[PDB]
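Shown next as structure tokens: one chain only, the form deposited in one PDB entry.
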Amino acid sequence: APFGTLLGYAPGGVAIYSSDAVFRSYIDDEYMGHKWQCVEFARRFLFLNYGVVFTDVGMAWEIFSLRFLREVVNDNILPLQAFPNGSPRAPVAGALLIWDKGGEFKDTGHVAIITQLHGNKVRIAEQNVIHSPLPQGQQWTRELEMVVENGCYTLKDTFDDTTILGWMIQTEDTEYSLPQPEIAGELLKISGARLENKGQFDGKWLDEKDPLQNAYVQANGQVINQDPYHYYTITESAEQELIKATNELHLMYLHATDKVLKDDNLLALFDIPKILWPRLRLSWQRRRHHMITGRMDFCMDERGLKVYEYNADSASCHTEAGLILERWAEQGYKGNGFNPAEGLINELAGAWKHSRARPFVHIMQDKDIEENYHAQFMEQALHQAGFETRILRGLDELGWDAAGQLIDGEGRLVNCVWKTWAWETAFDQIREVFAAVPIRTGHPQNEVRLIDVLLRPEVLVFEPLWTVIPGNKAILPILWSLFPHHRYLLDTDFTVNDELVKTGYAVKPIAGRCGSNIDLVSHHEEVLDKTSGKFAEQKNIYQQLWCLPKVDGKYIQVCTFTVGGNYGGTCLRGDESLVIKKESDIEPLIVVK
């Protein structure tokens, strides 16, 4: 049958169809996958029958490496175990069956659902294998022979050149299960590289015909770093580890956020004005799927991969990674590798298209040359997604009508805004000074403040208010508490405890940014580095010391973007010091296989 024709149904009545964002398959606002791939079927099956889902993956074979499932109704996280083909642990109905990449399933690998177990066979349901209508009421696509001998179960596939990895069961019983796959240190090494110097960057290599690249130059000049002929590389294996961690930590952060918002004692730790709490909760409940983009900061090298923080509120660097660096490669890279942030623009337009933003969105940026290209970069994504826009620089163009409605300069109503401003800046206006958030709805001089916009109930804001929770460092000790000793986490606390004193630690303000007010204390007493900034008075958290690697004279940090909650790209930042700050450079990154 053609594309999308109904071929049959798997148990419980889950359709099986024959097999850029018109291909997204959703149930309510829960993403199932890309029509009509094998993963989309497996996730939809689990969603409709058991209310759980597995995290976004690039290819089906990667599913076998996952060790958790997300229970959609409460954002809970469940254990998922993996068993190798030939296991004493029988493959029960409902289990995920995973194929490694290879043969019939060349680069992708494959995934199916086991529907029934017999004595010498098993029936499974799947998408993207069978493309013809199944017979009346038959709720399985293929039967695979099973050999039970000496208590061990082995499945034999119908293709002569495939490799079945095993099956996965949602259970706490670890017996017979395999440990989580850990990447070998060496594949995570960041290494330096050089371009042949033929003078590719000895002039105006950035196109001043492009308004966007022009805005960048006006704020930075024709420069990315101290030596544009030098770049770094990472293995494709490393990129996949980054993608995995990004997708997992994002879910881990959302789970801790839910926990925080369900408990006043945990919420009090964030130092957000109490008058906002009910609103934080409302935002969490109704804008849960509305986060557009964020950035995670990681330390990556032979030692493994650890997250320092997650900039979920107002993340930048997009332009540099998804545009300036594309121009850089285009201008001087003749290699086989690729810029892992190449599709950022498109990914973002995708998020905006499936968001519930109003047709016209006002973009709010500070009157600051550096913010001009960021605001215009997002405007291009909004335009590609079909929205009309207007850029507000500063707050002077804003005023109120007689009734107290918000209007812009051309006289239109402002009811939807994407901002570059951090929510914390608005919280400051509350703390400077009631039965409600004290916002003005009229002024003799028509003086509109930041909070008078962002907290007007009728204004639809992006990023949503709840994002101040995962973007506040007070969440780190909570994440450590919920997932103690997790491979990607660093032990962090609200005090310098016994183990921390033993490991050395970083002191970081909970609502800071740009590498401000950071103190790095070695496992001795010595202060490795300390920075200044305006956040020295806020509460701090203490995070296990885990210093950036030094490669070719610079400390290099890896950053990944989330867009709509999934990996959207990678970029590097480098600094002469251990602490990355707003003025650290963007370093060209090439992923090589």
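Numbers follow the displayed sequence, beginning with 1. Note that the rigid core is defined as the largest set of C-alphas that superpose within 1.5 Å between two forms.
In what follows, reference is made to the form deposited in another entry, a form of this protein that is not presented.
After superposing on the rigid core, which residue among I190, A238, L392, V122 shows a C-alpha displacement of 2 Å or more between this form and the one not shown?
The displaced C-alpha is that of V122.
Once the core is aligned, does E302 move its Cα by at least 2 Å between this form and the one not shown?
False for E302: its C-alpha shift is below 2 Å.
Note yes or no: does the Cα of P484 move by 2 Å or more between this form and the one not shown after the core is superposed?
Comparing forms between this form and the one not shown, the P484 CA shifts below 2 Å.
Core-superposed comparison between this form and the one not shown, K554 Cα displacement 2 Å or beyond
Comparing the forms between this form and the one not shown, which are aligned on their rigid core, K554 does not shift its C-alpha by 2 Å or more.
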